[PDB]
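**Q** Let me see the structure of the following:
(chains A and B, ligands or ions: 2)
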Amino acid sequence: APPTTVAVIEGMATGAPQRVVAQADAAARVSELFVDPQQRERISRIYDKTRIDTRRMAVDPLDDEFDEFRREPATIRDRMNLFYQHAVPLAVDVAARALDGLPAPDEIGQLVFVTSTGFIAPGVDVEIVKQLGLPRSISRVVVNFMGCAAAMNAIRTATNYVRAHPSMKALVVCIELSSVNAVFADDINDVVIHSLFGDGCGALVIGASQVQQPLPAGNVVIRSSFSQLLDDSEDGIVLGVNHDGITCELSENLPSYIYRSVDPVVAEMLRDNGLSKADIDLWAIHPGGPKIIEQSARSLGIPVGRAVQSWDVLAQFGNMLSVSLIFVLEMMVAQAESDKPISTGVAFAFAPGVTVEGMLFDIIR
Amino acid sequence: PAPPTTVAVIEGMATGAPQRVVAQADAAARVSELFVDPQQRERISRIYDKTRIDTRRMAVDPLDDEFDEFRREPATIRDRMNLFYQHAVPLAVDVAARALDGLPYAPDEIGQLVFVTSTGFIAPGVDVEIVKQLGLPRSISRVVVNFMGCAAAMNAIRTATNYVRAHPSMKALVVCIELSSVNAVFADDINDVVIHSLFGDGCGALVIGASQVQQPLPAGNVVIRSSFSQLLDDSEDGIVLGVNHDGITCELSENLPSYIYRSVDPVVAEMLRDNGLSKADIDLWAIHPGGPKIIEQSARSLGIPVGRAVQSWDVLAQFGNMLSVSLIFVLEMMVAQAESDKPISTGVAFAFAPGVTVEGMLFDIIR
Ligand SMILES: CCCCCCCC(=O)O
Ligand SMILES: CCCCCCCC(=O)O
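**A** Residues are numbered from 1 along each chain as shown, chains lettered A, B, ... in the order given. Ligands and ions are numbered 1, 2, ... in the order given. This is the structure:
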């Protein structure tokens, strides 16, 4: 007999590096390194097509001082040291603020640490424990290279924890510093990647509640969680470690995989929870790029602009991989879409596989 | 709400490793050749002898000159990760298939896959090929636990136990694979040679389900009673993992044995007390076979004779240090050869991760 308890987000917080990089300025830095004017207009037409206004970088890519370093080979170890150095102070602040809204450090039983842009042990999860004075006996899980949908896998892990240990809470911390892996382009993909990815941190505090028990406004109930590895999509999203930093490779066919897959997956899931698409008030589509939001919406047969919080996060921060969906959730909690006392929502994102990960959730108003 | 009164059971287990055996004597010969001073070659042979390792398994033949060009060449990390994938998949899939072959054929009951490695980094990775080639459900929950060192199987089991305790109808599959051989480079200092003397290759897989407590279980099942974890202080240097241009690396402090001596007893003592036991109630000590000093200092801390941990010594001797995998090997041995007449054997497993952290389980083997 499964426990009849449910997982609740009781606490959230976001953060990002102080350094803003205007998309206009980034396109200038790149266009300078082209001669043929037919090629310079293609660069500017790429950066304009991103529908990104700003990003936050831990390391300024529009800074000449480290152009020597970013061209130099065999720097991966230095970049991982660089990741640790920025990640700790950012991670610890965001986590501290996710907890600051709430009553007892000895009740936090699990820390789930998510990144696909950092690889170093002992890592940030340890400094989080020490600097926040969490229990030395806390369960730690490090989820790596699960891409942009990694927060969904982390939440599912946290949900399993608190449902097996209802007295206890789980702390989920995601941090992505794409900027630490920035290099001078060889291929088209490289320039496209460098045009989209930014930096951010998000943190969640998850606890268990008895079903039907009353909950304060702003709590998010995780009702249901779904995964789907698709066929003939291995090329879709590819992550690798190079001598000069971690890399991401996105197939030209990725938008086609997204169009094909989203509706059947989301349709089956909703049917399984006795819902139709007309019962969803909130669509938290992963803001990975314009193409990902566009093709996700077209698959679902909803107007592209319906996912306004996704568009807003892309515009202000770009693609922050795992973190992006914590930002979308914070916005949805912060600005209610209607008068309803509960808002029902679907979140999903794409990981290597290709895999579709998502949640059905309720925000209490 | 009240916590579920269910317990996690290992219902399935299997090990594997590369076909290729490499005698410790032969490995020491190749390494001594690449050195000049006869006083230096004495130290190398006395290092390899001191490991108390007889054989290891390599996916990649390290005493093979075609590979020596490559392992001197810089900026090869991507190629080595491609090399990891290429060997890992066939090995991973076989070991997982054999962990499941022990049970009624129902792939649709596997709800979680936890994939553990600190020697490989590539997406989409082995976890995906495992799902496809075994025809596990496309809807299966996947978690990739990376760079949690040699105690990573303990973190994985804890994760799997939380899953099946929240989803009692469902089972979780834990797969650990380490190929140290794909990160082999020519030594610089001392740590380099010591690391290259200890680490080997292996794969282990576990199938975990939930039982109602006191409900009867077949012989060979392992009951996970408790999991425990302890981050220690002034021990950051103890165990360090990093990614280099020419492969993943490991750095072990000269003070690591001191951290192990000081940590193990208090941690294990408190844990046992909390489950209503003393050290005199333990029948099985599954100390992580990381090296002689780790087994020795663990035993000295606990105040048990060093040779008491027989299966740890045997796994080191035959396979060396396989990080996360090593303790699945120790568990298989303990299941395979009963230590006494008792119908249940109670045991403690623990290992060391970056932090430094002590991770472990209290467990019962059904006889
Ligand atoms: C997932 C790691 C890839 C990051 C590449 C650098 C992109 C940028 O920040 O411009
Ligand atoms: C954690 C990775 C360690 C790589 C060292 C290689 C040891 C060997 O295979 O001889």
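**Q** Strands of chain A, residue ranges please.
**A** A:5-15, A:20-22, A:54-56, A:108-115, A:120-121, A:139-144, A:169-177, A:199-210, A:220-226, A:237-242, A:245-250, A:282-285, A:342-351, A:355-364 (DSSP state E).
**Q** Most proximal residue of the stretch 1-150 of chain A with respect to ligand 1?
**A** Distances between the stretch 1-150 of chain A and ligand 1 by CB to the nearest ligand atom are smallest at residue A:117, namely 5.0 Å. Just so you know, the C-beta spots here come from the backbone N, C-alpha and C atoms, and that holds for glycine as well.
**Q** circling back to that earlier point, so can I have JSON lines of the strands of chain A showing mean neighbour count and distance to residue A:45?
**A** Compiled in JSON lines, the strands of chain A are given as follows (neighbours: other CB atoms under 10 Å in any protein chain shown; distance: least, CB to CB, whole Å):
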{"stretch": "strand A:5-15", "mean neighbour count": "22", "distance to residue A:45": "31"}
{"stretch": "strand A:20-22", "mean neighbour count": "17", "distance to residue A:45": "17"}
{"stretch": "strand A:54-56", "mean neighbour count": "23", "distance to residue A:45": "19"}
{"stretch": "strand A:108-115", "mean neighbour count": "25", "distance to residue A:45": "32"}
{"stretch": "strand A:120-121", "mean neighbour count": "22", "distance to residue A:45": "38"}
{"stretch": "strand A:139-144", "mean neighbour count": "25", "distance to residue A:45": "35"}
{"stretch": "strand A:169-177", "mean neighbour count": "28", "distance to residue A:45": "27"}
{"stretch": "strand A:199-210", "mean neighbour count": "24", "distance to residue A:45": "25"}
{"stretch": "strand A:220-226", "mean neighbour count": "19", "distance to residue A:45": "37"}
{"stretch": "strand A:237-242", "mean neighbour count": "20", "distance to residue A:45": "24"}
{"stretch": "strand A:245-250", "mean neighbour count": "20", "distance to residue A:45": "18"}
{"stretch": "strand A:282-285", "mean neighbour count": "25", "distance to residue A:45": "24"}
{"stretch": "strand A:342-351", "mean neighbour count": "23", "distance to residue A:45": "25"}
{"stretch": "strand A:355-364", "mean neighbour count": "24", "distance to residue A:45": "30"}
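**Q** and the residue of the stretch 1-150 of chain A closest to ligand 1, what is it in contact with?
**A** Residue A:117 makes contact with A:83, A:176, A:177, A:178, A:180, A:181, A:246, A:321, according to CB atoms under 8 Å, 6 or more residues apart in numbering or on different chains.
**Q** next one: residue A:133
**A** Contacts of residue A:133 (CB under 8 Å, 6+ apart): residue A:105.
**Q** From residue A:95, how far off is it?
**A** Here residue A:133 is placed at a distance of 12 Å from residue A:95 (CB to CB, to the nearest Å).
**Q** again with residue A:166
**A** 22 Å.
**Q** Those two: which is more packed in?
**A** Between residue A:166 and residue A:95, residue A:95 has the larger neighbour count (other CB atoms under 10 Å in any protein chain shown), namely 31 against 17.
**Q** Contact partners for that one?
**A** By CB under 8 Å, 6+ apart, the residues touching residue A:95 are A:13, A:128, A:132, A:171, A:173, A:203.
**Q** Quick check: the first one touching residue A:97?
**A** Yes. Using CB atoms under 8 Å, residue A:13 makes contact with residue A:97 at a distance of 3.8 Å.
**Q** Between the two, which contacts overlap?
**A** Joint contacts of residue A:13 and residue A:97 (CB under 8 Å, 6+ apart) are residue A:203.
**Q** My guess is residue A:205 contacts residue A:8. True?
**A** No. At 9.4 Å, residue A:205 does not count as touching residue A:8 under the criterion of CB under 8 Å.
**Q** If you drop the residues flanking it in sequence, what lies closest to residue A:210?
**A** Distances taken as CB to CB, 6 or more residues apart in numbering or on different chains place residue B:1 nearest to residue A:210, at 4.9 Å, with adjacent residues excluded.
**Q** what about residue A:100, neighbour count?
**A** 9.
**Q** Which strand residues bridge residue A:207?
**A** Taking DSSP bridges as the rule, residue A:207 bridges to residue A:8.
**Q** residues touching it, list them.
**A** Going by CB under 8 Å, 6+ apart, residue A:207 touches A:7, A:8, A:10, A:162, A:168, A:169, A:170.
**Q** Take those and write them to TSV, including distance to ligand 2.
**A** Converted to TSV, these look like this (distance: CB to the nearest ligand atom, whole Å):
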residue	distance to ligand 2
A:7	35
A:8	39
A:10	38
A:162	33
A:168	32
A:169	33
A:170	29
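**Q** which residues pair with residue A:250 across the strands?
**A** residue A:237.
**Q** Could you measure from it over to chain B?
**A** 12 Å (CB to the nearest CB, to the nearest Å).
**Q** Please apply the same query to residue A:273.
**A** Using CB to the nearest CB, residue A:273 is found at 14 Å from chain B.
**Q** Can you pull the phi/psi pair for residue A:73?
**A** Dihedral angles of residue A:73 (phi, psi; degrees, to the nearest 10) stand at phi -80, psi 170.
**Q** so who does it touch?
**A** Residues near residue A:73 by CB under 8 Å, 6+ apart: A:243, A:244, B:74, B:75, B:245.
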